[PDB]
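In structure tokens, one chain follows: the form solved without the ligand.
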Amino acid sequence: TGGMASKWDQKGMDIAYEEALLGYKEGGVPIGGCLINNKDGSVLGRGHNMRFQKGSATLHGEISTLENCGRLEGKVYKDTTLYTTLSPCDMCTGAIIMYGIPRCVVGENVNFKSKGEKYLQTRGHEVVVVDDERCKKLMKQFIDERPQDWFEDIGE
């Protein structure tokens, strides 16, 4: 859309936050997201970090979200928005770029931010940072109680 928010942006961030909360309850990293079709607002998929739930080194919230959408024709991604509760790392940024997902709406980039947020813009994608305090507070709590687990999720 650019400038003005998409009619589905609040729906998308609320689902992403819902996923992060679910993940937190399961004892995992509280990062969630979903992929929405910009045309009709349909939810193509939703998910959260599965590092602890399935001993996964690649299933970040964004990757899990895309994995849950299943195999899709490349053109489908071209008119979607990926919602994530936290600014994407270099890997998740690469996934957005590879599939050509035009928009990425981020809950917050205070607890974490990689060079990927700017790289997305360099590569022609639109990035929207909401600065959602619900996401920020949830992520901060996890970092406070399990700093080492957070670090593992980003290879630190």
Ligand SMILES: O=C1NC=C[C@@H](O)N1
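In this text, residue numbers run from 1 along the sequence as written.
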Item to check | Selected stretch [higher average CA B-factor]: 65-73 or 106-114 | outcome: 65-73
Checklist outcome for this item: As the entry reports it, the stretch among 37-45 and 85-93 with higher mean C-alpha B factor is 37-45
Checklist entry - When the CA B-factors of 27, 124, 32, 100 are compared as recorded in the entry, which is the largest? => result 27
Checklist entry - Thinking about Cα B factors across the chain, which third does residue 13 belong to? => result middle
Next on the checklist: Quick check for you: using the entry's CA B-factors within this chain, is residue 138 in the lowest, middle or highest third?
Outcome noted: highest
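One more form of this protein exists, namely the form solved in complex with the ligand; it is left out here, but the text below deals with it.
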Next on the checklist: Against the ligand in the entry with it bound, would residue 92 count as a contact residue? Criterion: heavy atoms within 4.5 Å.
Outcome noted: yes
Checklist entry - Closest heavy atom of residue 34 to the ligand in the entry with it bound, within 4.5 Å or not? => result no
Next on the checklist: in the entry with it bound, does residue 119 come within 4.5 Å of the ligand, counting heavy atoms only?
Outcome noted: no
Item to check | Partner contact for residue 112 in the entry with it bound: the ligand, 4.5 angstroms, heavy atom | outcome: yes
Checklist entry - Are all three residues 6, 14 and 81 in contact with the ligand in the entry with it bound, where contact means a non-hydrogen atom within 4.5 Å? => result no
Checklist entry - Pick from 65-73, 119-127, 84-92, 38-46: which stretch has non-hydrogen atoms within 4.5 Å of the ligand in the entry with it bound? => result 84-92
Next on the checklist: Just to make sure I understand: among 58-78, which residues lie within 4.5 Å of the ligand in the entry with it bound, judging by heavy atoms?
Outcome noted: 60, 61, 62
